[PDB]
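Okay, structure first, notes after.
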Amino acid sequence: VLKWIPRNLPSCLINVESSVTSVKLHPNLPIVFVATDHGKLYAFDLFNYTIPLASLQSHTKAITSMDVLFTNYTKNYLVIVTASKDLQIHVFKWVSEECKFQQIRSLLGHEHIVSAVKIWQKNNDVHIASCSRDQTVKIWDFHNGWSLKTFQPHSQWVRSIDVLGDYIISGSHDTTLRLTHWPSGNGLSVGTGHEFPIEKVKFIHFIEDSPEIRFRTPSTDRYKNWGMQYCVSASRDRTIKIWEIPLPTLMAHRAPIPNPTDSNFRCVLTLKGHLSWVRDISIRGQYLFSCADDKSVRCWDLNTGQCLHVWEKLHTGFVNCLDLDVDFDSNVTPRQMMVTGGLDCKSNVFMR
Amino acid sequence: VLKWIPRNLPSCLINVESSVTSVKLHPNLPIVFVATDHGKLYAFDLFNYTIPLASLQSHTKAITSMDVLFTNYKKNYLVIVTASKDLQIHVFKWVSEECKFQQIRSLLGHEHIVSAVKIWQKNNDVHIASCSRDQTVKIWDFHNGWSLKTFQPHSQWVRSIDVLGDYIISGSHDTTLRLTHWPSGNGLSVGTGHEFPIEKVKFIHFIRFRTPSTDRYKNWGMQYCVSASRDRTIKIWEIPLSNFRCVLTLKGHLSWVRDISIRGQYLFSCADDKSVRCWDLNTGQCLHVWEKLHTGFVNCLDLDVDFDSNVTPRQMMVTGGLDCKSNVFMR
Amino acid sequence: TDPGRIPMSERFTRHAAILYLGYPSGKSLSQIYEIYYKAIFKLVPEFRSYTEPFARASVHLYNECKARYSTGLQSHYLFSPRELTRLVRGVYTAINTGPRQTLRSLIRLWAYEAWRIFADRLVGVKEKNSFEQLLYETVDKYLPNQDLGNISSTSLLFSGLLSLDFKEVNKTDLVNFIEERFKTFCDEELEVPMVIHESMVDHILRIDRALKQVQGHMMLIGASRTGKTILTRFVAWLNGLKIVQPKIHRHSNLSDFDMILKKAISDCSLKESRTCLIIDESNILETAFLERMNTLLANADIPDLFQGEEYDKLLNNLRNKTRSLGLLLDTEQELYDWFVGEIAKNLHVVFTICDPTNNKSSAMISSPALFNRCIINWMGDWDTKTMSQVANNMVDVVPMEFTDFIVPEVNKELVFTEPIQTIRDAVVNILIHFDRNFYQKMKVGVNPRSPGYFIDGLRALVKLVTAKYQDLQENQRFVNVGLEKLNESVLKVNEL
Amino acid sequence: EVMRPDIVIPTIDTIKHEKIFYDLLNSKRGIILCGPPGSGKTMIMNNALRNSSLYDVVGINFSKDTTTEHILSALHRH
Amino acid sequence: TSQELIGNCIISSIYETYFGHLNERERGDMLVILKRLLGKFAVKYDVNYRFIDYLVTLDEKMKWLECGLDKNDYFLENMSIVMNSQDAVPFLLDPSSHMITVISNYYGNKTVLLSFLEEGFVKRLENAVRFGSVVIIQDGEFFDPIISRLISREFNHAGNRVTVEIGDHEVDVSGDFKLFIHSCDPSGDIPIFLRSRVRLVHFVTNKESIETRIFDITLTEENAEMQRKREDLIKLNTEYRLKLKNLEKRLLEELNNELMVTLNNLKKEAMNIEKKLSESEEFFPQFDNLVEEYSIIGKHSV
Ligand SMILES: Nc1ncnc2c1ncn2[C@@H]1O[C@H](COP(=O)(O)OP(=O)(O)O)[C@@H](O)[C@H]1O
Ligand SMILES: Nc1ncnc2c1ncn2[C@@H]1O[C@H](COP(=O)(O)OP(=O)(O)O)[C@@H](O)[C@H]1O
Ligand SMILES: [Mg+2]
């Protein structure tokens with residue numbers, strides 16, 4: 001059920017007025033969330049995509065990113081976090097019966113434009129992470145609405161982040177990546193090897209059962225306790241890179257400290273083949289999906305390392321983002337659909 | 001899919017400055033275009049209808065007709081042609097990256113009040129056909145600006161026109177509505193049978209009359225058409241491939257029918273009786289009727305085109321009203 | 001004889017044997033570049049039999065360009081076998097980083113390189129037309145191959161921006177890519193509201209070609225406000241270079257310029273950051289700055305910056321950086337030539353010149369260290385086609401066609417826009433005609449004509465037409481509403 | 001190897017110049033080369049001296065501001 | 001009025017952008033050529049066009065004149081070019097150094113005078129940019145390139161604010177900040193970077209201006225009654241036009257929601273406007289007779 005591959009043609013095509021910037025999928029219903037260059041947030045039904053289920057204008061400028069989350073309290077509901085160039089972040093509630101956006105709150109405090117938001121829940125506690133052009137990654141509490149942490153991990157402005165427990169990896173415009181421990185706020189490791197600003201960076205989580213996977217398994221019990229093996233990055237030099245995360249000086253029931261000899265990323269793999277800036281990356285099962293500004297979407301294997309499938313001329317303009325269902329989450333069923341959104345004021349969905 | 005039954009109540013109550021003269025729908029967006037009696041052009045969001053998106057004073061007088069067409073060939077864009085009582089045919093394009101109207105050019109030359117406009121696209125050429133009260137119809141050019149030819153389709157004033165291919169059908173104030181060829185400019189047939197002026201006359205495209213009748217009709221591409229008169233009735237015609245036949249007699253409206261629109265087998269028509277009725281083309285009887293939709297009469301109705309593969313036939317239609325309000329029907 | 005070279009005392013030259021090395025003849029150049037093209041075409045063995053016609057065509061092109069565009073026309077029309085060597089290097093560089101080639105593709109690529117090497121310094125339009133006809137004659141005489149397209153400057157768009165290899169890109173796709181990249185550039189960098197025309201795309205392509213070469217320097221000559229600095233910054237942003245513009249104001253001397261140059265060199269070597277240094281003609285105030293630039297350009301280092309303690313700490317930093325990458329270097333010569341190799345690899349100097357008639361810019365162009373290394377690109381002033389494209393892209397957003405227009409019957413050569421059909425074409429033609437007449441009757445001479453007047457007039461016209469049309473429509477609507485109300489009132493009076 | 005600036009295609013003029021250059025230095029005589037700016041003085045010169053088992057190179061590129069200190073320092077390392 | 005909108009807009013825009021640095025004869029010749037080009041390409045323009053009558057209101061003209069502007073038509077047109085330059089930084093080449101007082105009177109206490117030879121130039125310029133004061137920089141022949149990014153308007157938009165990099169640091173700009181450059185040497189070396197981007201306006205006195213000023217002086221001391229009458233009818237016609245517009249707005253408000261008195265007053269005002277136009281149609285060309293009479297004095301004076 002993890003070996004699903006989209007066919008050569010999109011299952012449905014969605015027309016929106018302006019350039020699509022971010023796309024997310026509803027983890028329980030066939031609903032696609034599309035945020036565009038006017039800041040307009042759209043909710044489309046997959047089987048009835050002629051008109052949107054909802055459409056709301058909340059930002060005065062272009063939305064740069066999105067992330068959704070279905071809450072799991074020990075009521076359950078969907079939280080949509082949309083960040084834009086108006087220096088603010090907006091947090092919305094999705095109402096299933098009303099089929100209408102109900103904005104919960106807004107988060108302020110970023111000096112310049114904000115480029116990425118990630119929302120995660122650990123145990124009855126939901127936090128919102130964000131990175132902005134004022135070079136400060138900030139995390140708020142979702143319930144409180146006040147800022148808990150801010151830290152500057154880079155010299156230049158950071159572009160993408162990722163969350164996994166209490167560790168954040170961040171890529172920036174200074175073509176370097178950096179892993180930091182969030183509670184301590186200290187840069188655990190730094191990494192170089194890209195020659196252009198980083199578009200997307202996310203962790204490569206673990207999976208339980210498979211025939212064989214090389215990038216989603218621990219090599220030892222120490223890595224199993226660590227909880228993360230490698231990471232994936234994409235940048236404007238038309239390359240994707242899989243980096244091995246080195247380990248820092250770890251102590252039990254204590255804040256981790258960086259290792260002077262083991263505080264540098266190791267570039268394990270370098271996947272090339274995209275003709276322009278690789279915008280977005282996404283990993284489902286054993287396959288890694290990516291898009292670039294070459295009007296194409298490429299599906300690679302983590303094991304072999306070469307491009308199995310190419311979807312060329314998928315958009316008239318650039319391709320801006322993808323979204324696939326999360327595979328490593330027990331509570332999120334990895335359903336068989338992949339959605340992409342491009343600069344030609346359009347989105348595509350591949351189903352079955 | 002194409003058999004959607006509109007709800008008995010409105011979904012969005014768009015408020016305009018004056019009485020709505022004509023309505024239009026974005027072929028791929030949930031944006032409506034509303035024309036007022038002051039010549040202003042209104043753009044509304046169908047999910048946030050409180051504030052208009054863009055309002056521009058197009059014409060000084062009241063707008064008599066308007067139509068839209070998304071170009072499909074040079075980036076494609078929406079084209080809005082607006083005609084009014086000022087003997088001026090304004091042309092506009094709606095940019096989505098800024099959400100505002102952009103004036104392209106004005107088509108001048110008519111010596112009287114314009115009646116109706118229609119936009120159809122060739123393989124790579126866009127044309128606009130506008131008819132005035134001087135009993136003359138001129139074929140315009142979108143990119144160039146000047147006319148191609150001028151023909152007189154009727155001895156009296158003409159009030160409606162529709163274009164489908166190389167043939168154009170025009171409905172005059174007299175009951176002798178006639179169809180004429182655009183490039184040839186020679187009349188073929190003229191048919192009467194009504195006692196009141198025709199308010200709307202448009203072709204019926206193939207999708208009882210939705211299919212071709214014979215091999216000659218299938219080769220020609222035109223088999224039947226429906227016209228609306230002021231005699232409170234709807235008449236379906238049959239253009240020969242030199243006198244048309246009459247076998248359909250449908251009525252029921254208490255006032256003059258203003259505009260009609262064919263969406264598949266079902267047909268929706270509006271009248272001046274402040275009511276909306278959907279009359280089936282097969283049974284010829286009204287099934288769904290809407291009462292107290294607006295205080296004033298209904299001026300125009302717009303529906304998605306089901307005859308175009310490049311236009312999505314959404315289950316959303318709008319009807320114009322004279323009570324300074326617009327009715328939007330969703331799902 | 002030439003400026004820069006000073007006559008020498010006979011008391012010294014009487015002790016040295018004087019040897020005159022003339023230019024090699026046609027046969028010698030043909031043999032040398034036959035060998036060079038054989039070395040190139042070892043990459044593409046299926047076209048190994050075309051080395052002789054390519055070398056003969058290159059040599060004949062060099063001879064014809066030397067004979068036609070003499071120094072009497074312009075002072076910078078100096079040709080040499082160095083141009084042929086650069087042609088060979090460009091053909092090899094493009095063949096190495098390209099796809100599988102055909103004979104038509106090879107001929108078009110060689111013609112593109114010949115355009116970019118022999119005919120970027122040409123000033124006049126008639127000279128560029130003569131070069132285009134010369135390319136046609138050379139290709140017909142030496143490479144008789146059919147199904148070969150237009151060989152003009154704008155019909156040869158070879159670029160590696162759109163793909164992974166240096167191939168010939170479509171004009172429309174390249175224009176769309178450049179528009180999107182420039183929107184992103186304006187979003188992330190300084191905002192300049194530019195208009196993308198065909199000459200802009202061609203200039204972007206050649207600046208990108210020059211900035212991708214090892215030790216690839218530039219010398220952009222043209223009128224003011226023609227887009228030299230902004231295209232240099234955009235192209236260096238495309239290639240990932242770091243832009244350094246010397247902020248040399250009037251209260252500056254050799255200390256500040258030398259500090260800027262030393263910081264740039266230190267960043268290039270000790271940090272391995274590629275740098276594009278944009279030297280303007282207004283930054284070089286005195287001749288000593290020009291001498292420093294000549295030292296930096298002819299060699300790969302400035303020895304006057306590092307001396308004594310500065311030289312010692314520079315060598316210490318060099319040894320530290322060499323040990324950082326784990327290279328076994330111990331001698332001072334190894335550290336120094338690795339340093340100058342890093343400078344020649346990671347530094348690109350782009351010279352911006354606005355008034356070549358001026359004596360300072362004449363010394364700039366005529367300087368031997370700059371003329372023989374910097375790739376001269378005479379952007380010049382806008383022609384009527386570029387002006388028409390910019391004006392059409394600027395007046396297409398304003399409401400202009402509202403009144404009746406009768407198409408004028410004017411002469412064919414008096415219309416620069418596509419033939420007149422609307423009022424916008426007439427407006428564009430009027431603006432171009434008045435720009436030409438104004439610059440003719442102010443006696444500008446052979447000086448370059450900045451298009452700043454044209455662009456400012458277009459912007460002012462757009463704003464004024466917008467405001468005037470708004471006022472006119474408001475007044476017409478006011479009088480029509482009032483007249484309708486008056487008619488309704490008089491009808492109500494007559495009814496009652 | 002076309003990007004190497006030190007490569008020289010051996011023609012008959014280059015060999016003639018190399019031979020007369022060797023004969024002139026073997027006569028204990030200084031040499032001044034002259035010609036047009038792209039004639040090939042530096043390239044032929046460096047080819048003649050680099051491919052010789054009898055002569056080494058101490059290269060100085062003279063500029064407008066040149067003193068005898070530069071010449072003495074360049075001689076000092078050899 | 002509508003059929004001659006684009007031609008008049010073309011003439012006005014070209015007059016603003018091109019003619020700021022020309023004397024009277026060159027302006028007249030270039031305007032004649034521009035009108036010929038408009039007539040060749042079938043674009044209709046007002047045959048009685050005047051730049052002041054098209055872009056300068058009477059209120060703004062009196063505001064300029066009371067601030068210290070000369071009564072010359074050339075100086076009025078130059079001031080119109082100066083204050084309509086919203087984008088390009090205006091450059092004022094005044095040998096008499098008089099327009100500094102005029103601009104200071106126009107902007108009041110907001111005007112701050114800086115110089116290109118002051119030591120504290122950059123810091124107080126940054127303070128003026130942050131505050132938003134109208135700066136006038138004297139000694140334009142010694143332009144300092146450190147403020148070059150202010151000339152080219154190459155700002156960067158940080159979120160909701162706009163910033164410019166001056167010297168070695170980024171400073172905020174204000175929406176009311178204006179920059180004027182002033183020079184007194186007609187032979188000064190204006191850099192090409194500055195000259196290509198500024199609205200160069202020449203407040204100089206020329207021999208064509210000698211002929212024009214000779215005519216003006218012989219008009220205002222030979223028969224000043226005619227000039228006074230012309231000014232009186234111009235002011236009266238403008239005031240009556242404003243009064244007619246106000247009364248028309250009042251009549252429209254009354255009709256939308258006495259009436260006979262308002263209609264009678266409107267008819268009387270319209271008749272008065274017609275009579276004033278009929279009287280002024282027989283007086284203006286007689287001024288041309290004075291132009292036909294005082295040409296020899298101008299020729300002899302030059
Ligand atoms: N399409 C265009 N191509 C070139 N220049 C343009 C274009 N559109 C506008 N410009 C003008 O070019 C100027 C920027 O050019 P710039 O490179 O600063 O000139 P310079 O060559 O003097 O450095 C802008 O001020 C603008 O007015
Ligand atoms: N025999 C040859 N082999 C290879 N290249 C040659 C030959 N003769 C001349 N050239 C070319 O002539 C040019 C002369 O360059 P250079 O020696 O630097 O000139 P100068 O000595 O005047 O500075 C070189 O670029 C070289 O490519
Ligand atoms: Mg030389």
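Within each chain, counting starts at residue 1; across the structure tokens, chains are named A, B, ... in the order shown, with ligands numbered 1 upward in that order.
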
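Residue-level contacts from chain C to chain A at 12 Å, counting only C-alpha atoms, read residues 160, 161, 162, 163, 164, 165, 166, 173, 174, 176, 177, 179, 180, 181, 187, 188, 237, 238, 239, 240, 241, 242, 272, 273 and 274 of chain C.
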
Any chance you can output those residues with N, CA and C atoms as a short mmCIF file (atom, residue, chain, number, x, y, z; two decimals), in the first residue's frame?
data_model
loop_
_atom_site.label_atom_id
_atom_site.label_comp_id
_atom_site.auth_asym_id
_atom_site.auth_seq_id
_atom_site.Cartn_x
_atom_site.Cartn_y
_atom_site.Cartn_z
N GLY C 160 22.53 28.08 -21.38
CA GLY C 160 22.40 26.97 -20.46
C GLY C 160 21.54 27.25 -19.25
N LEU C 161 20.75 28.33 -19.26
CA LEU C 161 19.91 28.67 -18.11
C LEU C 161 18.69 27.76 -18.02
N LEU C 162 18.09 27.43 -19.16
CA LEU C 162 16.84 26.69 -19.19
C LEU C 162 17.02 25.19 -19.03
N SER C 163 18.24 24.68 -19.10
CA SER C 163 18.46 23.24 -19.10
C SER C 163 19.80 22.95 -18.42
N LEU C 164 20.21 21.69 -18.50
CA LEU C 164 21.47 21.23 -17.91
C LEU C 164 22.65 21.35 -18.87
N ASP C 165 22.41 21.75 -20.11
CA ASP C 165 23.46 21.79 -21.12
C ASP C 165 23.30 23.05 -21.97
N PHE C 166 24.40 23.45 -22.59
CA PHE C 166 24.46 24.67 -23.40
C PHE C 166 23.88 24.37 -24.78
N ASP C 173 10.21 30.79 -24.60
CA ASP C 173 10.47 30.13 -23.33
C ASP C 173 11.54 30.87 -22.54
N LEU C 174 12.59 31.34 -23.23
CA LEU C 174 13.64 32.09 -22.56
C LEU C 174 13.13 33.43 -22.05
N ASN C 176 10.00 34.09 -21.14
CA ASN C 176 9.17 33.79 -19.97
C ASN C 176 10.02 33.48 -18.74
N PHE C 177 11.08 32.68 -18.93
CA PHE C 177 11.98 32.36 -17.83
C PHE C 177 12.66 33.62 -17.28
N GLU C 179 11.52 36.72 -17.45
CA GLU C 179 10.52 37.51 -16.73
C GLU C 179 10.27 36.97 -15.33
N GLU C 180 10.13 35.65 -15.20
CA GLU C 180 9.89 35.06 -13.89
C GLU C 180 11.09 35.24 -12.96
N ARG C 181 12.30 35.01 -13.49
CA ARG C 181 13.50 35.20 -12.70
C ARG C 181 13.69 36.65 -12.29
N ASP C 187 11.87 40.80 -6.16
CA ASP C 187 11.32 40.49 -4.85
C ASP C 187 12.42 40.34 -3.80
N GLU C 188 13.53 39.70 -4.16
CA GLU C 188 14.58 39.40 -3.19
C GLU C 188 15.67 40.46 -3.13
N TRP C 237 23.41 37.52 -10.06
CA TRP C 237 22.50 36.84 -9.15
C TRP C 237 22.05 35.50 -9.71
N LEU C 238 21.87 35.41 -11.03
CA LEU C 238 21.50 34.14 -11.65
C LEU C 238 22.60 33.10 -11.48
N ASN C 239 23.85 33.49 -11.65
CA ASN C 239 24.98 32.57 -11.59
C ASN C 239 25.46 32.32 -10.17
N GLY C 240 24.91 33.02 -9.18
CA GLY C 240 25.32 32.83 -7.80
C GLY C 240 26.50 33.65 -7.35
N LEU C 241 26.96 34.60 -8.16
CA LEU C 241 28.06 35.45 -7.75
C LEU C 241 27.59 36.48 -6.72
N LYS C 242 28.54 36.97 -5.93
CA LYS C 242 28.28 38.00 -4.93
C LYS C 242 28.67 39.35 -5.52
N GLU C 272 36.59 31.53 -0.38
CA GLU C 272 36.20 30.82 -1.60
C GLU C 272 34.79 31.22 -2.05
N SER C 273 34.55 32.53 -2.08
CA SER C 273 33.27 33.08 -2.52
C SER C 273 33.47 33.78 -3.85
N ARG C 274 32.69 33.38 -4.85
CA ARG C 274 32.77 34.00 -6.16
C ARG C 274 32.24 35.43 -6.10
#

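Near ligand 3, at a distance of at most 10 Å and with only C-alpha atoms and all ligand atoms counted, sit the residues residues 80, 82, 368, 369 and 372 of chain C; 34, 35, 36, 37, 38, 39, 40, 41, 42 and 43 of chain D.
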
> What's the 8 Å shell around residue B:170, counting only C-alpha atoms, without same-chain residues fewer than 2 positions away, as a ChimeraX atom specification?
Replying inline: /B:153,158-162,168,172,177-180,201

>> Env of residue B:77: 7 Å cut, atoms = only C-alpha atoms, seq-sep filter 5 positions within chain, self excluded. Answer as a VMD selection string.
In response: chain B and resid 70 to 71 93

For the residues selected in the previous step, produce a file with N, CA, C and O atoms as a PDB file, in the first residue's frame.
ATOM      1  N   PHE B  70     -13.045  33.602 -22.318  1.00  0.00           N
ATOM      2  CA  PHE B  70     -11.641  33.355 -22.021  1.00  0.00           C
ATOM      3  C   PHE B  70     -10.940  32.904 -23.296  1.00  0.00           C
ATOM      4  O   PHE B  70     -11.337  31.907 -23.907  1.00  0.00           O
ATOM      5  N   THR B  71      -9.907  33.639 -23.699  1.00  0.00           N
ATOM      6  CA  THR B  71      -9.199  33.326 -24.931  1.00  0.00           C
ATOM      7  C   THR B  71      -8.466  31.996 -24.813  1.00  0.00           C
ATOM      8  O   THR B  71      -8.016  31.598 -23.737  1.00  0.00           O
ATOM      9  N   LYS B  93     -10.446  43.707 -20.371  1.00  0.00           N
ATOM     10  CA  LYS B  93      -9.871  42.441 -19.936  1.00  0.00           C
ATOM     11  C   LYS B  93      -9.729  42.448 -18.422  1.00  0.00           C
ATOM     12  O   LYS B  93      -9.415  43.480 -17.821  1.00  0.00           O
TER      13      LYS B  93
END

>> Show me which residues are within 7 Å of ligand 1 counting only C-alpha atoms and all ligand atoms, and format the list as a PyMOL selection string.
In response: (chain C and resi 192-197+200+223-231+354+390+452+455) or (chain E and resi 152+193)

>> Quick check for you: according to DSSP on this backbone, which residues of stretch 84-254 of chain E are classed as alpha helix (DSSP H)? Reply as a PyMOL selection string.
In response: chain E and resi 99-107+121-131+148-151+192-195+207-222+224-254

Pull C-alpha atoms from the residues just selected and write them as a compact mmCIF listing (two decimals), in the first residue's frame.
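part.txt was written with the following content:
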# COMPACT_ATOMS: atom_id res chain seq x y z
CA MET E 99 14.54 79.49 -6.43
CA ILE E 100 15.81 78.38 -3.01
CA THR E 101 13.71 81.16 -1.50
CA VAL E 102 10.73 80.23 -3.70
CA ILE E 103 10.78 76.57 -2.68
CA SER E 104 11.34 77.51 0.97
CA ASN E 105 8.31 79.80 0.80
CA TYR E 106 6.27 77.05 -0.87
CA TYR E 107 7.09 74.39 1.72
CA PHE E 121 26.13 66.16 5.10
CA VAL E 122 25.41 62.43 5.27
CA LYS E 123 24.15 62.18 8.87
CA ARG E 124 21.77 65.13 8.62
CA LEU E 125 20.64 63.87 5.20
CA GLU E 126 19.78 60.53 6.80
CA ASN E 127 17.94 62.36 9.59
CA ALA E 128 15.98 64.36 7.00
CA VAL E 129 15.15 61.17 5.07
CA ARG E 130 13.93 59.44 8.24
CA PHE E 131 11.93 62.48 9.38
CA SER E 148 23.26 57.94 -5.57
CA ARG E 149 20.64 55.38 -4.50
CA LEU E 150 18.36 58.31 -3.63
CA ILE E 151 18.70 59.63 -7.19
CA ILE E 192 26.16 61.68 -16.51
CA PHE E 193 24.68 59.39 -13.83
CA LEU E 194 23.05 62.41 -12.20
CA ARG E 195 22.15 64.20 -15.44
CA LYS E 207 18.51 86.59 -25.34
CA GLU E 208 15.15 85.18 -26.40
CA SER E 209 14.15 85.91 -22.82
CA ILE E 210 15.61 89.40 -23.38
CA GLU E 211 13.17 89.90 -26.25
CA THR E 212 10.30 88.48 -24.17
CA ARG E 213 11.13 90.64 -21.14
CA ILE E 214 11.48 93.74 -23.33
CA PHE E 215 7.98 93.09 -24.65
CA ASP E 216 6.69 92.47 -21.11
CA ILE E 217 8.19 95.70 -19.76
CA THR E 218 7.00 97.85 -22.66
CA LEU E 219 3.55 96.29 -22.20
CA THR E 220 3.38 96.95 -18.45
CA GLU E 221 4.68 100.54 -18.69
CA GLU E 222 3.33 101.58 -22.11
CA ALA E 224 -0.80 98.71 -18.39
CA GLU E 225 -4.59 99.14 -18.55
CA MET E 226 -4.89 96.38 -21.16
CA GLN E 227 -2.81 93.92 -19.11
CA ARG E 228 -4.76 94.79 -15.96
CA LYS E 229 -8.03 94.25 -17.85
CA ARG E 230 -6.80 90.89 -19.17
CA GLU E 231 -5.89 89.78 -15.65
CA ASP E 232 -9.28 91.00 -14.39
CA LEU E 233 -11.23 89.04 -17.01
CA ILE E 234 -9.10 85.92 -16.45
CA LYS E 235 -9.71 86.01 -12.69
CA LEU E 236 -13.40 86.85 -13.16
CA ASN E 237 -13.90 84.01 -15.65
CA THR E 238 -12.19 81.50 -13.36
CA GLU E 239 -14.19 82.64 -10.31
CA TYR E 240 -17.44 82.55 -12.29
CA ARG E 241 -16.61 79.06 -13.58
CA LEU E 242 -16.12 77.90 -9.99
CA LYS E 243 -19.36 79.63 -8.96
CA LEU E 244 -21.24 77.99 -11.84
CA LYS E 245 -19.90 74.57 -10.82
CA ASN E 246 -20.93 75.13 -7.19
CA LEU E 247 -24.40 76.36 -8.19
CA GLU E 248 -24.76 73.38 -10.54
CA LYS E 249 -23.89 70.99 -7.71
CA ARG E 250 -26.45 72.75 -5.50
CA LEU E 251 -29.09 72.51 -8.24
CA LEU E 252 -28.38 68.80 -8.73
CA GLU E 253 -28.64 68.23 -4.97
CA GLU E 254 -31.96 70.10 -4.91

>> With only C-alpha atoms as the counted atoms, please give the residues lying no more than 10 Å from stretch 345-352 of chain C, apart from itself and same-chain residues fewer than 2 positions off, as a VMD selection string.
In response: chain C and resid 207 210 to 222 224 228 to 229 232 236 241 to 245 264 to 265 267 to 269 272 to 283 293 296 to 297 300 339 to 343 354 to 355 361 364 to 365 370 374 to 376
